[PDB]
> 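Quick one: the structure is below, questions incoming.
Per chain, numbering begins at 1; letters A, B, ... match sequence-line order. Just the heavy atoms: all of them, side chains too, but no hydrogens, waters or symmetry mates, feed the values below.
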Amino acid sequence: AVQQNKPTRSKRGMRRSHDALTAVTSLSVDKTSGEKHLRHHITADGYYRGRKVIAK
Amino acid sequence: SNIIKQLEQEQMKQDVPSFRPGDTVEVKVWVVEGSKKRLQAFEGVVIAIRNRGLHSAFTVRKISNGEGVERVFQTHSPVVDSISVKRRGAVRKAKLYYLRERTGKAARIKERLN
Amino acid sequence: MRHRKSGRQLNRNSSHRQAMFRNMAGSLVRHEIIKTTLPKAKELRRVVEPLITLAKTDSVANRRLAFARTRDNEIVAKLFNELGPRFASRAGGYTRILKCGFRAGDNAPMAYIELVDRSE
Amino acid sequence: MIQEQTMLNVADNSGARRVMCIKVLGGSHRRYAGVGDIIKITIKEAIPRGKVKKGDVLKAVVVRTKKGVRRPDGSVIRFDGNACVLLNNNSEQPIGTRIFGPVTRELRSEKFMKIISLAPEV
Amino acid sequence: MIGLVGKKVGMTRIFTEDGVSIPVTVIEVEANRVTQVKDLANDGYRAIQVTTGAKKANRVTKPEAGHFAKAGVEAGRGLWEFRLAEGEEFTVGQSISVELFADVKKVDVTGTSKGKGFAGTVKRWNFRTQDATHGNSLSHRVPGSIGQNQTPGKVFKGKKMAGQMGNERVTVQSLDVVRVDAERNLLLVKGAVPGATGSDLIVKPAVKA
RNA sequence: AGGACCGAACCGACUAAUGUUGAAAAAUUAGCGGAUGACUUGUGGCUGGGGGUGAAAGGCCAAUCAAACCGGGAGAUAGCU
RNA sequence: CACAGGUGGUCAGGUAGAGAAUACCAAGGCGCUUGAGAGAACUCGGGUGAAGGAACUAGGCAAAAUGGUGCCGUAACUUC
RNA sequence: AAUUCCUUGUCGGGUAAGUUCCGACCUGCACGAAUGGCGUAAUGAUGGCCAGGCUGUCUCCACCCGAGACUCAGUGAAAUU
RNA sequence: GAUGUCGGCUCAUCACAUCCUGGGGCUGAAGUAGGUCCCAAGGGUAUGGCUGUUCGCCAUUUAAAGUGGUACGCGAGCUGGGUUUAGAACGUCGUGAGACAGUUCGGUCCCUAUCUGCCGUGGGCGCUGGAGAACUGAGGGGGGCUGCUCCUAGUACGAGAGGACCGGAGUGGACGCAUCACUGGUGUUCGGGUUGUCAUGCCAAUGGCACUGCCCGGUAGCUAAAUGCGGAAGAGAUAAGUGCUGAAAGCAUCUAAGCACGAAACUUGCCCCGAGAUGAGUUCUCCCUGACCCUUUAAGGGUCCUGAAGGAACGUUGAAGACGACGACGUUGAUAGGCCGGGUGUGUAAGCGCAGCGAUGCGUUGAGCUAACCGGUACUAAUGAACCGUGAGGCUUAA
Ligand SMILES: [Mg+2]
């Protein structure tokens, strides 16, 4: 249920070795607007694959 | 499943008479006793029909000497030789399992004239 | 075990699921563009596209089926009067899902669902 | 599909009306007696002044089941009740003379020929 | 003698005139094309590598493309190997058909069984459930005890517990060959065989027979 | 008529599951007993610790009871840890 | 503790109902202050289940089952 | 026997099989007459036994619907050492 | 300054002083059936009534219902009947308070797993230039049970009664793996019936809510009770045992030399895992074939050009899956949804007409609707890109 011995800094770090975050590999550039966006996601201005399909 | 469909329709019978649940039916089935082969008649009420192409079946109930007897025939089996509709019954359900609970005059089915 | 099953439970019972998709289909037919979660849009496809397909042949029976599945006479009217004639030459694919980032409150993936020719 | 503690009707004129299966004979840990399988039974109801009497322990053969038998073409024959035919312990021949109700061809073995001969059907 | 690679089209039945119904698995075996012959000198053992089916010309990679071009055969959906029984001979590029099983009476079928994922002990090992009532506290399908008291002081290796079930190589031995159909490239085999419909199967002659 | 019967409110607490670092220092759900009476309940008052009260279980007397709590004798005493 | 508990009295709509039970509603008021997915083991709360029917177990624990109105009929025993 | 050690006393009933139960017996270790004896209709969330019905209690578990479990974002304990 | 007790359930594991099955010596072994001893631990090895029971008695089985160890295995796995609290009562003892290895009724079982272990599943690096596959197999795990019937044969044996060895065939029980063609279960995502109530202005028709309201059926999937398969044969070396030849010891002797048999035990043969097998293996294919500077000269550092094979990431996803992982697919496209056709299920929709006073019935009509299924179809969504991965790969000796 509970420890008998305090685990160490070392074992803490080894357990945390798989906690690293994977940064975004590469952002896609819009062909019309040239904005950077996540692939298959629309741009902040509302573009996607060169077309402005967003009301705003 | 083109392949399985071809294999099945290679074996599906052709002269299956059209019948519905609630119809009284006579089924002639082959029986082998030793080397001789003979026909035995099973007459009863069609209480269930399963339509699955080659795997089509149907259940027939008859009261044989006080006790009911249900036989689930496989319509495309060579064991079953001929099927004949003796009486057209009028029901509203695809399956008539309530006839198990029913007995006697309550088990009667009105004849159809459509 | 989920072998060959369809439909997402979406952490709701079936009654809540039916009611939610009824409301959401009404909203999509009304506005022609709605922001929702990605899986919700994936299921709204299956809810809304059959309804528009039903809205092709204009008959009283189809009107009553649509009203049974929608419970909004304005939505039924818009379907049979506008979206039937609009999509009458299209074989399915009446809708479009565009992924649009994540929700701030809970990091849920977000998608716009649109009718393929809304012109707004 | 007959287990221990299950009640069976009697399809013969040996006198017993209802019997209870108390051991499924065969091998060890054997679960079920189907049609044509020998069971050990105790008589729970019997007509007065019959060959057998209440409380007797003897052998029987299952001749009808609700679970039914499967035929080689894949058909199933089910019955509205489970019934058996009483047998002597040390000779395995039927106690009674008449057999009531239908039977199946699963009893087509050299030992149950006497049941098949006097059965009214099959 | 060698086997062949096909796919599980599914299950059906064959009615015979005698009045019996035989449940058959339908295995579609197209032409197995030999891609490589292994010999005792170069490779150390006698085997034939074979491929079957088609594969997209863009999804075949250059390594595999060159490997197929070496044998001068079209690229299939995989590569399998069969060991030669010291008397038989095959050449690279040969096409082995279902007629190989013309005289085979019994076969063994190897395939990947359906995957059940993480399976508990009741399903995976036929463990008997504890009492559903009579005071049982949260311990209905639990495995129960898993060892002795402190004399071993450990769980023994190889113990039956919960984990992955299915999705593993399984062979079924001594299955009757019902029908061998050259024109339609089909083999009907009595009984169920491992895997889902549309999955790769390796059919060999029975080793036990 | 009834310390009558079935049964809500209300008063209770027989069984089971849950929960047991609880939602809760005694509860929740499903069932369960009484339910015009020796009933129940609000407001105020009285009985005080070798004392009270007790259809009596050593029960209850502010989550404390084979002798409450607070302060004192008091740094009791401890051949023991 | 923004805590599934406790807290006296008054008001008492419609339909069905003996009813202040119960179901659905009105007035009125709320969705309970983390959510999004997925649809493993196992746990908790439920639904259904072939054949058998207490063989379970310390024990029919728990579940299943019965259940309303009217008429008929109603045993041993009894302080009537 | 809420009382009997030997004791699962003996015989019978009920079960295929009954240390439990019911009835009779009497060698009452160690009943007994207001610390009441022996019966008793009715009452009982009372102990023991048997039967009809019912059933996932069980043979022997299967499938399904929800809440957790698992992953993602936010906040962020505990015993122990 | 706490190592939870008896019995039960779940899960087991070893020993062999063997219960069954195998091999054999003797037998007061004629045969069947036994007894006893020796070898043998591969597999198998009851269900109920009574009782808290372990035992035990009894009933009925089985090839057998083995004996022991494992904290009299197993409560951070379950239970709590028994023992071992507080209430109460009987017998007995005691003046009493009380007491009893007497009996009786009632009577709270906590723990979110850090480490070892174990069952599964991944990330990293390594394996010496990188990458994609296919393997060998060192090593490891699984599995190994058995009944009954018939033939040989009513033969051998036997006064009869009875009645085989060896060999062959079939058919079962328990156990295990796979699977969904069949028989079914389930199927709150499909269809229908019906109760009460609210609602959509009302009729008609539908919807919500009442355990999916209550029910009747039922697709795909999952599944057992369903149906296929399996335990082997064979080989090698042996145990007890049986021998052949054969001296020591002129004979005799299975043993000293030499030779031949011999069991479910051992090693293989059967299935699965398997090169982190750091002893890191083998085979096939693919790919990269540019210039300059620098100095502690080395398997050194740096700038520019180049960035291949492949991978990864992202997306549509799966009979794959807790998450990773694994498989399919991304316009050179059937990967998912939709759509069309079919199929299956339910069982003759609504509207309308006709008959009837009316409930309702008949016709249009086997109608309407129909999840996961089958065959098709680019309608929607799977993007031009970018990202990681380099630029011929050390020394020594030998041919
Ligand atoms: Mg439970």
> Look at all strands and tell whether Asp106(C) reaches a base, only sugar-phosphate, or nothing, counting heavy atoms closer than 4.0 Å.
base
> If you sort sugars by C1'-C2'-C3'-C4', with positive as north and negative as south, where does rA71(I) go?
south
> Identify whether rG391(I) and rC305(I) are a Watson-Crick or G-U wobble pair (both distances under 3.5 Å).
yes
> What integer number of Å spans the P atoms of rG22(I) and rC9(I)?
32 Å
> By the 4.0 Å heavy-atom rule, please label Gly93(C) as base, sugar-phosphate, or nothing.
base
> With sugar-phosphate meaning primed atoms plus P, OP1 and OP2, does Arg83(E) contact a base, only sugar-phosphate, or nothing at under 4.0 Å between heavy atoms?
sugar-phosphate
> Please classify the nucleic acid contact of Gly55(D) as base, sugar-phosphate, or nothing, using heavy-atom distances under 4.0 Å.
sugar-phosphate
> Using a 4.0 Å heavy-atom cut-off to protein, can you give one letter per nucleotide of nucleotides 199-206 of chain I, 5' to 3': B if the base is in contact, S if only the sugar-phosphate is, - if neither?
BB---BSB
> Indicate, with a heavy-atom threshold strictly under 4.0 Å, whether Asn2(B) touches base, sugar-phosphate, or nothing.
sugar-phosphate
> Determine the contact category for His37(A): base if any of its heavy atoms lies under 4.0 Å from a base atom, sugar-phosphate if only primed atoms, P, OP1 or OP2 are that close, otherwise nothing.
base
> How far, in whole Å, is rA75(G) from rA45(H) if one measures between their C1' atoms?
28 Å
> Within the 4.0 Å heavy-atom criterion, would you say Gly44(E) contacts the bases, only the backbone, or no part of the nucleic acid?
nothing
> Would you classify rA2(H) as syn or anti? Syn applies when the glycosidic angle is within 90° of 0.
anti
> Please report, rounded to the nearest Å, how far the P atom of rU285(I) is from the CG atom of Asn42(E).
10 Å
> Round to the nearest Å and state the distance from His3(C) atom NE2 to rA178(I) atom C1'.
15 Å
> For residues 41-49 of chain E, tabulate all N or O donor-acceptor pairs below 3.5 Å that involve a side-chain atom, not counting sequence neighbours.
{"from": "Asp43(E)", "atom 1": "OD1", "to": "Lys38(E)", "atom 2": "NZ", "distance (Å)": "2.7"}
{"from": "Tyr45(E)", "atom 1": "OH", "to": "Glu81(E)", "atom 2": "OE1", "distance (Å)": "3.0"}
{"from": "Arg46(E)", "atom 1": "NH2", "to": "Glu88(E)", "atom 2": "O", "distance (Å)": "3.2"}
{"from": "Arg46(E)", "atom 1": "NH2", "to": "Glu89(E)", "atom 2": "OE1", "distance (Å)": "3.2"}
{"from": "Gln49(E)", "atom 1": "OE1", "to": "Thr35(E)", "atom 2": "OG1", "distance (Å)": "2.7"}
{"from": "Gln49(E)", "atom 1": "OE1", "to": "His67(E)", "atom 2": "NE2", "distance (Å)": "2.9"}

> Just do the side-chain hydrogen bond (donor to acceptor under 3.5 Å, both in side chains) check on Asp73(D) and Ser75(D) with the steps written out, would you?
CA-CA 6 Å; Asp73(D) 69 298; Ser75(D) 15; 2.8 Å; yes
> So does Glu8(B) pair up with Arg52(B), basic N to acidic O under 4.0 Å?
no
> Is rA161(I) syn or anti, taking syn as a glycosidic angle within 90° of 0?
anti
> What is the nucleic acid contact for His40(A), judged by heavy atoms within less than 4.0 Å: base, sugar-phosphate only, or nothing?
base
> Which listed nucleotide (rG347(I), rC229(I), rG338(I)) is nearest to the side chain of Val172(E)?
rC229(I)
> Can you tell me whether the base of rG141(I) sits syn or anti, using the 90° cut around 0 to define syn?
anti
> Please give the distance between the P atoms of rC288(I) and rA392(I) as a whole number of Å.
12 Å
> Within the structure shown, what part of the strands sits under 4.0 Å from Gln173(E) by heavy-atom distance: base, sugar-phosphate, or nothing?
sugar-phosphate
> So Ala108(C), base contact, sugar-phosphate only, or nothing? Heavy-atom distance under 4.0 Å.
sugar-phosphate
> Quick one: label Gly78(E) by what it contacts on the DNA or RNA (base, sugar-phosphate, nothing), any heavy atom closer than 4.0 Å.
nothing
